[PDB]
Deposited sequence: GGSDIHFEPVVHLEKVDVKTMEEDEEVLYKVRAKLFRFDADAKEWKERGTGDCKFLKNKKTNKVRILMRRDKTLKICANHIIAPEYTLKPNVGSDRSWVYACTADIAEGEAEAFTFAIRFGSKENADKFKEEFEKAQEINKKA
């Protein structure tokens, strides 16, 4: 005999799409980028609750972390055929729970429409 010398483990990935997220600044009336990276829909294996988790490329810092609530409604944006905008009542990307008016843009209109389908799929799962 010779002797020898992130908090996502519990979740299933339903949808994985590449996107850019914006937050609306009400005060100075304009849109501001919050991050660009993989947007992910994560179903918890314990609670069967689906969330959006989005991380920025390279630094991997969280720019979105909230439940896909059944109350939310994806509305279009006047300047885009590949974006949805919606009110979120509690996001914890920055740490402290806070409300936002988000927008989320994609590579194509087909990606955006698929996102909307998956977003509504996930909403139905969260009704239980």
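Visitor: Could you name the stretches of the deposited sequence that have no C-alpha atoms in this structure?
Guide: Unobserved in coordinates, per deposited numbering: 1-5, 11-19, 143.
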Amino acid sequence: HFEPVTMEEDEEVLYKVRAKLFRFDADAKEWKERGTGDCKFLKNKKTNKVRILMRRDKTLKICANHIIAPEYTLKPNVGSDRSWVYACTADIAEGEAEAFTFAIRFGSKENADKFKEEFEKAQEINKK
From here on, numbers count along this sequence of modelled residues.
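Visitor: Check whether residue 6 has no coordinates in at least a third of the other compared PDB entries of this protein, counting only entries that model residues on both sides of it.
Guide: Missing in at least a third of the others, so yes.
Visitor: Would you mind comparing 59-67 and 43-51 for me and telling me which has the higher average C-alpha temperature factor in the entry?
Guide: Averaged over C-alpha atoms, the B-factors run higher in 43-51.
Visitor: Between 38, 81, 94, 33, which one tops the list for Cα B-factor in this entry?
Guide: Comparing C-alpha B-factors across 38, 81, 94, 33, the maximum falls on 94.
Visitor: According to the PDB entry, is the CA B factor of residue 87 in the bottom, middle or top third of its chain, that is, lowest, middle or highest?
Guide: CA B-factor rank for residue 87: middle third.
Visitor: Per the entry's values, where does residue 74 land by CA temperature factor relative to the rest of its chain, in the lowest, middle or highest third?
Guide: Its C-alpha B-factor belongs to the middle third of this chain's values.
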